[PDB]
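S.K.: If you scroll down you'll find the structure; I have some questions about it.
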Amino acid sequence: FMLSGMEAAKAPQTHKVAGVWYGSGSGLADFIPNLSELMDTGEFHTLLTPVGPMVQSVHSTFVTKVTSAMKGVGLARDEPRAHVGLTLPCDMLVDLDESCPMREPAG
Amino acid sequence: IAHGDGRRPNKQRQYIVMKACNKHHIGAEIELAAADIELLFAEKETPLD
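Dropping the structure here:
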């Protein structure tokens, strides 16, 4: 959300939260100097490979170790016998099946 | 039973009745947690376990 540069009111809730985890947005854009030019020709979506939800993060001062989950339900580390579910902010997610009904099949 | 009036006589009769079963089904659904099914098999460690 911070590398994008989209406006405030289009995602009004996470703009406060992603503004306190990060600086003005140039703390990350110094890694990718091509963000003005990756957006022109449209090569940014070809450089993201989605990975999956977090499982564990061992955090140190300069380097954070991050363990994600592919292929299925990741086993929770600190709580035993538990299962890490995937969390999305309510702002980014746009639900798509919504009816009065005013009938759709179950599956 | 016959009688002496001008009514026609009565032949003997027969009745044949057919009945059949009706099928009925019943179903109930139970959910059991995955942790509950799992730790029935996990080993004893401590008195709090």
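Residue numbers (full-length UniProt numbering), protein chains in the order written: chain A, 112 to 213, 217 to 221; chain B, 100 to 148.
Beta carbons: idealized from backbone N, C-alpha and C, even for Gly.
Leaving aside the five residues before and after A:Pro-144 along the sequence, list all residues of the same chain whose C-beta is less than 8 Å from its C-beta, in chain order.
M.R.: Within the same chain, A:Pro-144 has no close Cβ partners at all.
S.K.: Relative to the alpha-carbon of A:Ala-120, which residue among A:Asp-206, A:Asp-189, A:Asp-202 has its alpha-carbon at the smallest distance?
M.R.: A:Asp-202
S.K.: With 16 as the cutoff for other CB atoms within 10 Å, does A:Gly-153 come out buried or exposed?
M.R.: exposed
S.K.: Cα-Cα, which of A:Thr-160, A:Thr-157, A:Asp-206, A:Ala-180 is closest to A:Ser-168?
M.R.: Distance from the Cα of A:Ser-168 is smallest, within the candidate group A:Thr-160, A:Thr-157, A:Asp-206, A:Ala-180, for A:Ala-180.
S.K.: Considering only residues of the same chain and omitting the five flanking positions on each side of A:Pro-200, which have a CB-CB separation below 6 Å?
M.R.: Only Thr-125 meet the Cβ criterion.
S.K.: Where does A:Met-165 fall in DSSP's three states?
M.R.: strand
S.K.: For B:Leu-138, which residues in chain A fall below 7 Å Cβ to Cβ?
M.R.: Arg-192
S.K.: Based on the DSSP output, what are the partners of A:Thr-175 in its beta bridges?
M.R.: A:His-170
S.K.: By a C-beta neighbour count over all protein chains shown, 10 Å radius and 16 as the cutoff for buried, is A:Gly-185 buried or exposed?
M.R.: buried
S.K.: Can you give me the C-alpha to C-alpha distance between A:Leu-159 and A:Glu-190, rounded to a whole angstrom?
M.R.: 31 Å
S.K.: Just how far apart, CA to CA, sit A:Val-177 and A:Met-165?
M.R.: 7 Å
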